[PDB]
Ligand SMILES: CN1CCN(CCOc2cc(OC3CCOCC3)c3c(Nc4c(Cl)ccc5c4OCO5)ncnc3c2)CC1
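A lone chain, given as structure tokens: the form solved without the ligand.
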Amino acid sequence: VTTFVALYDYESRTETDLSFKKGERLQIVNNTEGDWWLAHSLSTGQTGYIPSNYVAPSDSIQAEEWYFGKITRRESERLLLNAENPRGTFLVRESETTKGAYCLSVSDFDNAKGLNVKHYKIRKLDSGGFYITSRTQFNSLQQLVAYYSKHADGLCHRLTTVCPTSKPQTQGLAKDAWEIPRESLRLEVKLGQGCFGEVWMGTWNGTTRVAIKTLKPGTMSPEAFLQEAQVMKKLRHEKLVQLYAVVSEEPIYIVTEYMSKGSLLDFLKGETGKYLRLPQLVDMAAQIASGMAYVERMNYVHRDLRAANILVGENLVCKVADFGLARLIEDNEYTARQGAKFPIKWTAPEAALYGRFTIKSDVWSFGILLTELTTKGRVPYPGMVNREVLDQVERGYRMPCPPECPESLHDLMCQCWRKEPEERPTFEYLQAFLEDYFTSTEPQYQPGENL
């Protein structure tokens, strides 16, 4: 039994889980594994299961507000570059490139680069202490942060503000919540309409904001959906919209992680996508590619990858939604890859012609998606009707490089559009290509030699 501290507030939805406020002290066992831990709160004397990502052991670095653990270099920059953060906003993370070194990431402002993030490798001493520059050593990470909060002393700027963040999603709505009753869900605001149902913002069990998709009766077999949903339930990645729960009887409701900024396609159009710069668009493509690289690793298939099925959150977070759902659609026309509801302009020819949906036809759809990303959301094949597209694509026509899409990205698109699926790149490749698309000379980490 270790004492853990609550990193965030958590409102107890159910009977068996535990409500707690941040800073509460909770007793939890030695080895316990999984997403939900049994806890006893010393602070309240109350008992119940807790989401394990909401706690850390007392008096660890993981309990420190400014410690973001395994966050990626690119993702730390996403959070730190929020325009509301003052200069000197910071976090500490593990180094991606150097053993059990840590890294201090700090927001800054420059007359050359503007708003930018500087990264300082924090190395550990034989003593167990830490240092950024060997001339100034500390016994602990906390002492290090305290010192550079008072004096830049070589750093680009004094540490001012702990990087802010939203409470993380829990994994599942509760321990053992999966098939839920319609009554647990309050549909609050209808957000959109599709061919086969609607999308809602809602609340589960009076506590938790969720998205709810409602399907038109007869869209899918409830039994088939349930069987697939067991498979989708296992797909867990920061760039995949989480599938929380399902109401299995007609009409089917699908309960999902709520994404505050709506679909990428809508986002690209209108009063916010007009301003996006290429590095932001490439970072959004890189997030999407990372989610699809997980799908690829898991030997799954999206089947309808396009901007309308990417959802946007705070700070240009992008997540893949509705993976695998298209396969269950019971509509004679759609299943034929035919009709006004089939996204033929995103569909690889072998998927259109022979129904061969694979990760490589998703790769083709990603190439089309890159086209939406670089045109503020214009429909692909602009002057072509859905009826012509397949034959043109089979004959070898490919969209030209959109205006103000760099040629190197269009060459990436053309790779995604090879006729032969096995000659299209992997999402693994796409993610690395897009993550490394912009480079510099040697500035990765600030030379902490002598500040």
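Numbering starts at 1 and follows the sequence shown. For the two forms, the rigid core is made up of the largest set of C-alpha atoms that agree within 1.5 Å on superposition.
Student: Mean C-alpha B factor from the entry: is it higher for 288-296 or for 117-125?
Tutor: If you average the C-alpha B-factors of 288-296 and of 117-125, the larger mean comes out for 117-125.
Student: Mean C-alpha B factor from the entry: is it higher for 394-402 or for 63-71?
Tutor: Between 394-402 and 63-71, it is 394-402.
Student: Looking at 356, 239, 302, 216, which one carries the largest C-alpha B-factor according to the PDB entry?
Tutor: Checking the PDB record, the top C-alpha B-factor among 356, 239, 302, 216 is at 216.
Student: Reading the B-factor column of the entry, which of 336, 265, 232, 145 has the highest value at its C-alpha atom?
Tutor: In the PDB entry, the greatest C-alpha B-factor among 336, 265, 232, 145 is found at 336.
Student: Among the modelled residues of its chain, does the C-alpha B-factor of residue 366 lie in the lowest, middle or highest third?
Tutor: Ranked within chain, residue 366 CA B lands in the lowest tercile.
Student: Can you tell me which third, lowest, middle or highest, the CA B-factor of residue 437 falls into for its chain?
Tutor: Its C-alpha B-factor belongs to the middle third of this chain's values.
Student: Among the chain's modelled residues, which third holds the C-alpha B-factor of residue 104?
Tutor: Its C-alpha B-factor, which the entry lists for residue 104, ranks in the lowest third among residues of this chain.
Student: By its CA B factor, does residue 48 count among the lowest, middle or highest third of the modelled residues in the chain?
Tutor: As the PDB entry reports it, the C-alpha B-factor of residue 48 lands in the middle third of its chain.
Student: If you rank every modelled residue in this chain by C-alpha B factor, which third holds residue 306: lowest, middle or highest?
Tutor: According to the entry, residue 306 has a C-alpha B-factor in the chain's lowest third.
Same protein, other form: the form solved in complex with the ligand, not shown, and the subject of what follows.
Student: My understanding is that the ligand gets transferred in the bound PDB entry by a local C-alpha superposition; in that placement, do 3 or more ligand atoms come within 2.4 Å of this form's backbone or C-beta, making it blocked, or is it open?
Tutor: After superposition, the ligand sits free of the main chain and C-betas, so open.
Student: Are all three of 14, 37 and 50 close to the ligand in the bound PDB entry, meaning a heavy atom of each within 4.5 Å?
Tutor: Heavy-atom distance to the ligand in the bound PDB entry: none of the three under 4.5 Å.
Student: Exactly one stretch in 136-144, 93-101, 70-78, 248-256 has heavy atoms within 4.5 Å of the ligand in the bound PDB entry; which is it?
Tutor: Comparing against the ligand in the bound PDB entry, the contact stretch is 248-256.
Student: Only one of 175, 261, 239, 269 gets a heavy atom within 4.5 Å of the ligand in the bound PDB entry. Which one?
Tutor: The option sitting close enough to the partner is 261.
Student: Go through 285, 311, 352, 295 and name the one with a heavy atom inside 4.5 Å of the ligand in the bound PDB entry.
Tutor: Contact check passes for 311.
Student: Just to confirm, residue 159 within 4.5 Å of the ligand in the bound PDB entry by heavy atoms?
Tutor: No, residue 159 stays farther than 4.5 Å from the ligand in the bound PDB entry.
Student: Looking at the partner-bound form in the bound PDB entry, is residue 192 within 4.5 Å of the ligand by any heavy atom?
Tutor: Yes - in the bound PDB entry, heavy atoms of residue 192 and the ligand come within 4.5 Å of each other.
Student: Report whether the minimum heavy atom distance between residue 331 and the ligand in the bound PDB entry is within 4.5 Å.
Tutor: No, residue 331 is distant from the partner.
Student: Do residue 376 and the ligand come within 4.5 Å of each other in the bound PDB entry, heavy atoms counted?
Tutor: So residue 376 does not count as contacting the ligand.
Student: Out of 311-336, which residues reach within 4.5 Å of the ligand in the bound PDB entry, heavy atoms considered?
Tutor: Residues within 4.5 Å: 311, 321, 322.
Student: With the two forms aligned on the rigid core, which of the residues 399, 38, 389, 416 moves its CA by 2 Å or more between the shown form and the other one?
Tutor: After core superposition, the single residue displaced by 2 Å or more is 38.
Student: Checking residue 27 here: with the core superposed, does its CA move 2 Å or more between the shown form and the other one?
Tutor: Moves: yes, 2 Å or greater.
Student: Return yes or no for residue 62: a CA shift of at least 2 Å between the shown form and the other one, with the rigid core superposed?
Tutor: No, its C-alpha moves less than 2 Å.
Student: Can we say the CA of residue 84 moves by at least 2 Å between the shown form and the other one when the core is superposed?
Tutor: No: residue 84 shifts by under 2 Å between the shown form and the other one.
Student: Since the Cα separation of residue 247 and residue 33 moves by 3 Å or more in the bound PDB entry, tell me which way: closer or farther than here.
Tutor: Closer together, by at least 3 Å.
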